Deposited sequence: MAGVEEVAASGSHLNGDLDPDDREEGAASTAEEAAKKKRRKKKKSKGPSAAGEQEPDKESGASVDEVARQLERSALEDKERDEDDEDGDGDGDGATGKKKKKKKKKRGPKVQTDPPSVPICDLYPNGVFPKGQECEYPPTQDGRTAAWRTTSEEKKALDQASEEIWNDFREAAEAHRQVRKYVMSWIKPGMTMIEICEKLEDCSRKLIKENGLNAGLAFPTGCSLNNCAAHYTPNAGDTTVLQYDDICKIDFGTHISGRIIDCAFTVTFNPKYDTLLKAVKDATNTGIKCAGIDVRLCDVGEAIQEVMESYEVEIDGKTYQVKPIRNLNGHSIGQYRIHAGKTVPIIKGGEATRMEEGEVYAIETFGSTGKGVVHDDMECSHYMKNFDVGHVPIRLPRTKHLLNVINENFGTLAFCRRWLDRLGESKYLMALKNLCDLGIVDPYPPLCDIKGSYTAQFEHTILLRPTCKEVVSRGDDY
């Protein structure tokens, strides 16, 4: 019908003819046959993007200090499952809800028992994904409550918009990175009496996206010096930028919560019973999409952590631990998914919020 208060109507019931809203369409830096031939694919990305837009609006209305990180992720994911109309691997969540705090830039979500509470001075990166038929939206924004971080957030938002504007068919990936760094490094911020020039986090990257494949193998650098590989017609990219007051480099840190089957590993016969059962659970529920330990718990799984280690040591699954700059530093992120269509560039996850 029309969407409800706390949103509860699936996006497919809001648009009954199966035609979903376009995102921001941009001339490259006009009605092809080739573009129209892939219309069912662009449409699937747009259904996933509208879910993402409606979920994040809802999240911005209630996220507050005092909530636990588990409470925040569970409330967000509940809404996302409802609006995407979760249906096995045909529609659902593409990857776990990131809510990385402070010096941590990516790949933290709480595991069971985590008592972390969101604080007034925290800078929290909300990064979550939706998909229809494997067509994935990766889009992320930063949440703050103290106005002291406003210029750091504006620097990163401007750098992400700069990378989105530079992107195009036949554009060299190294040129997008050099562009993003020049804008991000034009910002200086002052936080609690200390001044900083904002630094891109040089070992974090954007990435191409493939069907059921969050990282399809091409990386989008956010500093100069990368590869001159060109972007191609038909590719889809997550253009993401990260900025920091610290060293501008991340390392692995904290407990791991995010995992994903290696895309190129084939069928592996396993006899160990608990390891075989967990691999079957992952193949049925996630396939090649990323998952977290809270999502195994929700399925009624327990006593799985050694079976999960076994699958990692066999190379069937890869762990993706949180990625953090040095203690005391502040990091921020903004990201959109773009489609490199034959007739135009589409920023499919653009909203009136960012």
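According to the record, the deposited residues with no C-alpha atom in the structure span 1-109, 139-153.
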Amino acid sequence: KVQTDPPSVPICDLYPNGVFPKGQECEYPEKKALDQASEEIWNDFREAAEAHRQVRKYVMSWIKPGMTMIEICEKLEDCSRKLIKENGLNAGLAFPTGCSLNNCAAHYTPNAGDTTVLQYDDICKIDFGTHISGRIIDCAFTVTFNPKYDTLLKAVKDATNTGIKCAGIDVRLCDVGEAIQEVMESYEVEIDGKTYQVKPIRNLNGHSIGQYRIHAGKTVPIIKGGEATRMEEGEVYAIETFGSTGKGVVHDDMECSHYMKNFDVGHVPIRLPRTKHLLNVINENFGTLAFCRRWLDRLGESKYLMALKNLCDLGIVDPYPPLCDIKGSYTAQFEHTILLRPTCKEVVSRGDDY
From here on, numbers count along this sequence of modelled residues.
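Whichever C-alpha set is largest while still superposing within 1.5 Å between the two forms counts as the rigid core.
Where the structures in 4 other deposited structures of this protein are fitted on the rigid core, 31-39 is the one of 31-39 and 312-320 whose C-alphas sit farther from the shown form on average. The question of which stretch, 126-134 or 74-82, has the higher mean Cα B factor is settled in favour of 74-82. Comparing 244-252 with 265-273, the higher mean C-alpha B-factor in the PDB entry belongs to 265-273. As recorded in the PDB entry, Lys32 shows the highest C-alpha B-factor of the residues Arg293, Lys32, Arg56, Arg46. Among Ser329, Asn310, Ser38, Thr288, the highest C-alpha B-factor in the deposited entry belongs to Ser38. Per the PDB record, residue ranking by Cα B-factor puts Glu227 in the highest third of the chain. Ranked within its chain, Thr97 lands in the middle third, by CA B factor from the PDB record. Placement of the Cα temperature factor of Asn203 within the chain: middle third of the modelled residues, per the deposited record. Among all modelled residues in this chain, the alpha-carbon of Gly177 has a temperature factor (C-alpha) in the middle third. Annotation for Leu314: C-alpha temperature factor in the highest third relative to the rest of the modelled chain, per the entry.
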